[PDB]
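A.B. asks: Build me a model from this:
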Amino acid sequence: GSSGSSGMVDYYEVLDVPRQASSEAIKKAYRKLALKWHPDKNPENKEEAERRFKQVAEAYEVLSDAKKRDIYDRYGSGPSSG
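C.D. replies: Numbering: from 1, shown residues only. Below is the structure in question.
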């Protein structure tokens with residue numbers, strides 16, 4: 001892909017890893033992004049990094065997890081709840 005896709009936020013695709021990406025492959029592929037789009041590392045692009053890091057962190061925080069990931073891969077995301 002030239003750039004990717006604009007719209008939804010697919011963790012796996014956000015962390016630059018396949019749907020079957022192994023934990024190690026998810027962390028090794030995320031840790032690089034979390035620090036690549038970090039607001040403390042990207043001063044000039046802090047505005048962008050501050051947003052990219054938000055999706056990247058949530059992605060790994062859900063995939064790297066055994067409970068959040070399973071739920072995500074299984075269902076993913078439901079409608080307004082509460």
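A.B. asks: could you pull out the strands for the chain?
C.D. replies: Using DSSP state E, no strands are found in the chain.
A.B. asks: Can you give me the neighbour number for the closest residue to residue 53 other than its chain neighbours?
C.D. replies: The shortest distance from residue 53 to any residue other than its chain neighbours is 4.6 Å, reached at residue 37 (CB to CB, 6 or more residues apart in numbering). For the C-beta atoms, the positions are set from N, CA and C on the backbone; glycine is no exception. Residue 37 has 21 neighbours, counted by other CB atoms under 10 Å.
A.B. asks: same thing with residue 56?
C.D. replies: Residue 56: 25 neighbours (other CB under 10 Å).
A.B. asks: just residue 67 next, same as before
C.D. replies: For residue 67, the neighbour count with other CB under 10 Å is 8.
A.B. asks: Would you mind measuring from it to residue 45?
C.D. replies: Using CB to CB, to the nearest Å, we find residue 67 at a distance of 33 Å from residue 45.
A.B. asks: what does residue 75 give?
C.D. replies: 34 Å.
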